[PDB]
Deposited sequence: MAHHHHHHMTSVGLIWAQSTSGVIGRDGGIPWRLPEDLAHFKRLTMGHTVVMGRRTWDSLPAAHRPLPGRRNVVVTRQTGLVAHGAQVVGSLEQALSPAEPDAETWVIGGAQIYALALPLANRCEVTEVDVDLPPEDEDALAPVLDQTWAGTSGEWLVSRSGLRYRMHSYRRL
C-alpha cells in the first residue's frame, strides 16, 4: 500500500547514461538490497533490459515490469501495462528509471535517495533524477567515504 521511490544520483542529478549507470558504488548496491529485499520492485522496461544478466530478475524480490508490449524476451518478470496495475494488490519500491519515476512520483509516500559525489556534468541523452516539490520533507545522512574513494550520502523523504 505504501509506495517508495529509490534511486541513486550524481550530485548533478544524473541517474542513467548509455543504457546504464555511469558510476560504481558498492555501498549503494548493498543499501538498495537491504531496503528492497523481500518486497515487490517495480521498474520500467528499459531498466529491466539494462540489468546485467546476473542481476535479472533481482533475487529475493517480486520483479514487476511496466511495459506497453505484450511480453518480454528477457525472463523473470511479471509484466503489467500501467503503474496502477503494478501497485494493486506492505512496501512496494519503484526502482527506476526516469520515466517510471515520473509516473510514480504523484503516488509515492517515500523517497530514498543516494547522492554520489562524482563529477558528471549532464550530457544530451542522460536520464535525470526527478525533482521533489513542496509536498516532501527530508532528512540527510552524513557524508560517507566508499572503499572506492567516492563520497556519498543518503537522503530520505516522506510526504508531508
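Student: Write out the missing regions of the deposited sequence in sequence order, one range per stretch.
Tutor: Comparing the full sequence with the modelled residues, the uncovered ranges come out as 1 to 9, 99 to 102.
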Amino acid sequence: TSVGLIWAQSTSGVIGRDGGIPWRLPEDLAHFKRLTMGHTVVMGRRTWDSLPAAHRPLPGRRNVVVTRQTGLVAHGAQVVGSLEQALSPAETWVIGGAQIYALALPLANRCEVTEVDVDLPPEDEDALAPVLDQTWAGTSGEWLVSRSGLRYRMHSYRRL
From here on, numbers count along this sequence of modelled residues.
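Student: Which is higher on average in the deposited entry, the C-alpha temperature factors of 40 to 48 or of 114 to 122?
Tutor: Mean C-alpha B-factor is greater for 114 to 122.
Student: Just to confirm, going by the entry's C-alpha B-factors, which of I95, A54, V66, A30 comes out highest?
Tutor: Out of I95, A54, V66, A30, the record gives the largest C-alpha B-factor to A54.
Student: Ordered by C-alpha B-factor within the chain, which third holds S10? Give me lowest, middle or highest, please.
Tutor: Lowest third - that is where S10 ends up once the chain's C-alpha B-factors are sorted.
Student: Going by the entry, which third of its chain does the Cα temperature factor of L103 land in?
Tutor: Its C-alpha B-factor belongs to the highest third of this chain's values.
Student: Lowest, middle or highest third of the chain for the C-alpha temperature factor of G16?
Tutor: CA B-factor rank for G16: middle third.
Student: Divide the modelled residues of the chain into thirds by Cα B-factor and specify which third, lowest, middle or highest, holds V80.
Tutor: Tercile = lowest for this residue's CA B-factor.
Student: Quick check on the deposited entry: does the C-alpha B-factor of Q134 sit in the lowest, middle or highest third of its chain?
Tutor: For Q134, the deposited C-alpha B-factor lands in the lowest third.
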